[PDB]
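Chains as they are written, first to last, in the deposited numbering: chain A, 5 to 152; chain A', 5 to 152; chain A'', 5 to 152. A prime marks a further copy of an entry chain.
Quick reminder that beta carbons are idealized off the backbone N, C-alpha and C, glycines included.
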Amino acid sequence: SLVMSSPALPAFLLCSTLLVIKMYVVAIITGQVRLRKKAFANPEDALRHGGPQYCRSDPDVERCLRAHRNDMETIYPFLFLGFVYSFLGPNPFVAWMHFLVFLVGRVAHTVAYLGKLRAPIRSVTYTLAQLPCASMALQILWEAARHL
Amino acid sequence: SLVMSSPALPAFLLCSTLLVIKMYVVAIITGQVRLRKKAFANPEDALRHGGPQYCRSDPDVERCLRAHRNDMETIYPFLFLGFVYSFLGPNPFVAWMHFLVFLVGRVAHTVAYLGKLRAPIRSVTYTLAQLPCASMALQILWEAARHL
Amino acid sequence: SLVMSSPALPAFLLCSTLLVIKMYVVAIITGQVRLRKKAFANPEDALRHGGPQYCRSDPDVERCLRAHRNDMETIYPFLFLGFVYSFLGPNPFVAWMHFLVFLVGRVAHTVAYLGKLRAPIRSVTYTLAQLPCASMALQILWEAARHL
Ligand SMILES: Cc1cccc2ccc(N3CC[C@H](C(=O)N[C@H]4CCO[C@H](CO)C4)C(C)(C)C3)nc12
Ligand SMILES: Cc1cccc2ccc(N3CC[C@H](C(=O)N[C@H]4CCO[C@H](CO)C4)C(C)(C)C3)nc12
Ligand SMILES: Cc1cccc2ccc(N3CC[C@H](C(=O)N[C@H]4CCO[C@H](CO)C4)C(C)(C)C3)nc12
Ligand SMILES: CCCCCCCCO[C@@H]1O[C@H](CO)[C@@H](O)[C@H](O)[C@H]1O
Ligand SMILES: CCCCCCCCO[C@@H]1O[C@H](CO)[C@@H](O)[C@H](O)[C@H]1O
Ligand SMILES: CCCCCCCCO[C@@H]1O[C@H](CO)[C@@H](O)[C@H](O)[C@H]1O
Ligand SMILES: CCCCCCCCO[C@@H]1O[C@H](CO)[C@@H](O)[C@H](O)[C@H]1O
Ligand SMILES: CCCCCCCCO[C@@H]1O[C@H](CO)[C@@H](O)[C@H](O)[C@H]1O
Ligand SMILES: CCCCCCCCO[C@@H]1O[C@H](CO)[C@@H](O)[C@H](O)[C@H]1O
Ligand SMILES: N[C@@H](CCC(=O)N[C@@H](CS)C(=O)NCC(=O)O)C(=O)O
Ligand SMILES: N[C@@H](CCC(=O)N[C@@H](CS)C(=O)NCC(=O)O)C(=O)O
Ligand SMILES: N[C@@H](CCC(=O)N[C@@H](CS)C(=O)NCC(=O)O)C(=O)O
């Protein structure tokens with residue numbers, strides 16, 4: 005199998021796919037909140053679900069959208085950086101640590117966001133998860149630059 | 005050519021590039037709607053196009069932005085999942101079907117969204133397109149996990 | 005090193021990683037603006053930073069979010085298109101030019117957006133940067149289609 009193209013690749017693919025699934029979970033939760041709170045973004049949706057007054061904003065729907073947006077601001081860059089980093093021959097354990105810190109930090113971020121946990125818990129989880137991303141980005145920069 | 009690195013890859017690259025172009029079409033439509041409805045997001049834009057009163061929201065611009073955001077929530081994960089899945093040696097026809105269902109579902113989603121089609125047409129197209137994404141994600145999970 | 009899998013790859017990886025870092029800079033700036041203007045998105049954040057009245061919108065925070073969103077609408081597609089394009093055996097100089105126009109255009113876009121530069125400076129930088137993206141997308145389409 006081509007999953008063994010590099011020793012770090014299986015770990016990267018596991019963490020990254022779990023994070024994609026975690027984003028899908030946020031999308032599904034958002035839909036559930038829209039239904040339960042009757043807060044739809046579109047008149048056509050609202051008319052099917054009780055009337056035009058249900059095309060409206062809701063603070064919990066907005067919170068779900070913020071968590072999903074923050075995921076897009078961070079997880080998408082990781083999918084790129086982690087893939088490239090997997091092929092730079094990093095120490096297997098060190099690579100695993102980078103991916104695991106990102107995975108745990110991001111899952112914790114969504115829990116802290118949707119769970120409305122006290123500040124600065126969410127901010128700390130965000131920062132933690134970005135650390136391995138910064139590390140991988142710098143490593144890629146050096147490797148790319150030196151091959152120019 | 006390296007497009008033949010796997011039998012499923014050409015189909016994946018065709019569908020994924022068409023979807024990127026489809027996102028670009030949404031960006032261009034959004035700009036056209038801003039101009040036609042004189043609804044700009046920035047004072048500097050509004051002042052060039054008739055006055056400060058034209059820095060304002062518009063329901064059709066907001067709808068375009070929702071479609072584009074939903075694209076980012078779904079097409080970007082597909083670009084990752086479909087690329088990896090192409091290298092897991094899937095049945096060629098089965099892979100083609102996964103990519104085609106996603107392509108058709110997503111094009112239909114944008115038509116249903118921007119066309120203001122009755123509910124639940126958009127919701128159904130969304131769900132349809134996510135099915136092959138869930139399928140690919142699970143397959144990647146098993147392949148990655150078993151190589152740990 | 006696997007960075008030399010294709011002659012264009014090091015240049016692509018350099019430009020793409022710099023652009024990811026540039027997105028991270030926008031995220032950090034956004035946080036600084038939230039703090040300085042006391043405009044937080046969440047009640048839990050506001051209560052830590054002076055009171056519930058500080059959960060509020062701010063035009064500069066909104067502008068930062070627009071720049072970051074526009075980045076997600078454009079840089080993420082580039083990460084995909086440029087990666088694939090690097091493996092289609094393009095002329096090295098021509099490829100470098102595609103990546104450099106995108107890099108310069110996007111950095112200029114963020115400067116024009118956050119700097120509130122007069123129209124149509126931002127719109128021009130956006131258009132410039134999209135040109136190589138359109139070019140790469142078409143090239144990928146032909147290469148993928150002909151291998152079906
Ligand atoms: C992400 C994902 C991944 C994998 C599979 C997925 C399958 C479905 C799926 N949806 C997202 C939530 C969405 C939703 O709840 N929308 C509500 C608001 C508008 O009105 C709707 C009709 O009443 C209900 C749903 C169930 C229609 C489709 N998402 C998926
Ligand atoms: C996505 C894509 C892909 C490939 C090539 C592309 C080329 C351009 C291009 N734009 C997106 C729409 C955008 C727009 O219509 N903005 C209006 C609102 C603000 O004010 C503007 C100046 O009056 C008009 C435009 C034409 C300036 C640039 N997009 C592209
Ligand atoms: C992108 C990136 C890349 C690499 C490393 C990074 C490290 C941190 C980092 N943050 C983004 C900005 C964010 C922020 O300023 N938020 C303010 C608003 C809410 O309240 C906060 C607590 O008072 C302050 C911060 C510093 C907590 C975390 N970003 C990073
Ligand atoms: C990957 C998806 C993670 C979902 C985490 C959801 C955490 C929800 O947690 C809940 O949050 C509520 C406030 O929103 C509180 O009232 C509840 O006490 C708490 O259980
Ligand atoms: C604001 C703090 C966030 C930045 C986190 C820095 C991550 C450190 O990253 C490290 O950088 C070194 C020098 O480039 C490299 O030699 C290491 O391989 C890399 O792990
Ligand atoms: C990939 C881009 C797909 C663009 C699909 C646009 C569909 C527009 O469709 C139009 O929608 C209008 C309401 O918005 C209706 O008034 C019109 O009858 C209908 O033709
Ligand atoms: C809520 C319903 C959405 C989930 C769609 C499930 C997609 C099924 O996906 C299937 O999963 C099987 C078991 O892992 C695998 O053996 C198959 O290869 C895979 O196609
Ligand atoms: C990659 C990050 C680029 C950051 C570019 C920030 C440009 C800020 O530029 C500043 O903009 C202000 C208005 O916002 C003006 O008042 C100042 O004159 C100007 O210096
Ligand atoms: C609206 C204008 C934006 C579109 C920019 C067009 C970019 C041109 O792209 C070119 O297309 C040719 C034909 O497919 C190819 O032969 C070239 O390799 C490619 O560089
Ligand atoms: N887009 C972000 C940029 C900065 C950021 O990502 N901050 C982290 C830590 S405070 C966060 O969880 N932001 C909440 C959010 O993005 O909604 C924002 O507006 O806050
Ligand atoms: N961000 C989405 C998450 C759920 C979702 O993607 N739902 C689909 C089917 S109802 C959709 O088309 N949502 C419209 C949208 O994202 O604006 C939302 O707010 O609805
Ligand atoms: N989502 C974009 C789509 C069109 C676009 O990307 N336009 C460029 C050039 S005018 C832009 O800088 N838009 C500003 C923005 O996205 O906030 C929008 O709403 O304008």
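Interface residues of chain A'' facing residue i [CB-CB closer than 7 Å]
i: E147 of chain A; result: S5 and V7
i: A31 of chain A'; result: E77
i: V88 of chain A; result: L17
Same chain, Cβ closer than 6 Å to residue i, five either side skipped, listed in chain order
i: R60 of chain A''; result: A43
i: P14 of chain A''; result: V7
i: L83 of chain A; result: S20
i: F16 of chain A'; result: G86, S90 and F103
i: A50 of chain A''; result: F44, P56, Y58 and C59
Contacts around residue i, its chain only, beta-carbon distance under 8 Å, and the 5 residues preceding and following it disregarded
i: residue 153 of chain A; result: This structure does not reach residue 153 of chain A, given that chain A is present from 5 up to 152, and the question cannot be answered.
i: residue 233 of chain A; result: The displayed coordinates of chain A run from 5 to 152. Any statement about residue 233 of chain A would go beyond what the structure contains.
i: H53 of chain A'; result: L39, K42 and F44
Chain A' contact residues for residue i, given Cβ-Cβ distances below 7 Å
i: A141 of chain A''; result: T21, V24 and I25
Where residue i meets chain A'', residues with beta-carbon distance less than 8 Å
i: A45 of chain A'; result: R70
Contacts around residue i, its chain only, beta-carbon distance under 7 Å, and the 5 residues preceding and following it disregarded
i: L132 of chain A'; result: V105 and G109
i: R38 of chain A; result: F44 and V65
i: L85 of chain A''; result: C137, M140, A141 and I144
i: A31 of chain A; result: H72
i: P96 of chain A''; result: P11 and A12
Contacts that residue i makes with chain A (C-beta to C-beta distance below 7 Å)
i: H151 of chain A'; result: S5, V7, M8 and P14
Residues that residue i contacts on chain A, provided the C-beta gap is smaller than 9 Å
i: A99 of chain A'; result: None at all; the shortest Cβ gap to chain A is about 14 Å.
Beta-carbon neighbours of residue i, restricted to chain A and to distances below 8 Å
i: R40 of chain A''; result: Near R40 of chain A'' there are no residues of chain A at all, since even the closest Cβ is about 16 Å away, more than 8 Å.
Amino acids of chain A', ordered along the chain, whose beta-carbon sits closer than 8 Å to that of residue i
i: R52 of chain A; result: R122, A123 and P124
Does the contact criterion of 3 or more C-beta pairs under 8 Å hold for the stretch 125 to 142 of chain A'' versus the stretch 137 to 144 of chain A?
no
Hey, is the stretch 78 to 92 of chain A in contact with the stretch 46 to 57 of chain A, meaning 3+ C-beta pairs nearer than 8 Å?
no
Tell me whether the stretch 106 to 122 of chain A'' and the stretch 17 to 25 of chain A'' touch, counting them as touching only if at least three CB pairs, one residue from each stretch, are closer than 8 Å.
yes
Mind checking the stretch 103 to 120 of chain A' against chain A'' and listing, in chain order, the residues whose C-beta falls within less than 7 Å of any C-beta there?
Within the stretch 103 to 120 of chain A', not one residue has a Cβ closer than 7 Å to any Cβ of chain A''.
Given a limit of 7 Å on CB to CB distance, which residues of the stretch 60 to 86 of chain A reach chain A''?
When CB distances to chain A'' are screened at a threshold of 7 Å, the residues of the stretch 60 to 86 of chain A falling below it are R70, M76, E77, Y80, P81, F84 and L85, in chain order.
My parser needs the alpha helix (DSSP H) runs of 4 or more residues fully inside the stretch 51 to 79 of chain A; what are they?
none
Interface positions of the stretch 125 to 141 of chain A facing chain A'' (Cβ-Cβ less than 7 Å), listed along the chain
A141
Suppose only complete runs of 4+ residues qualify. What are the alpha helix (DSSP H) ranges in the stretch 77 to 127 of chain A'', listed by chain order?
96 to 118
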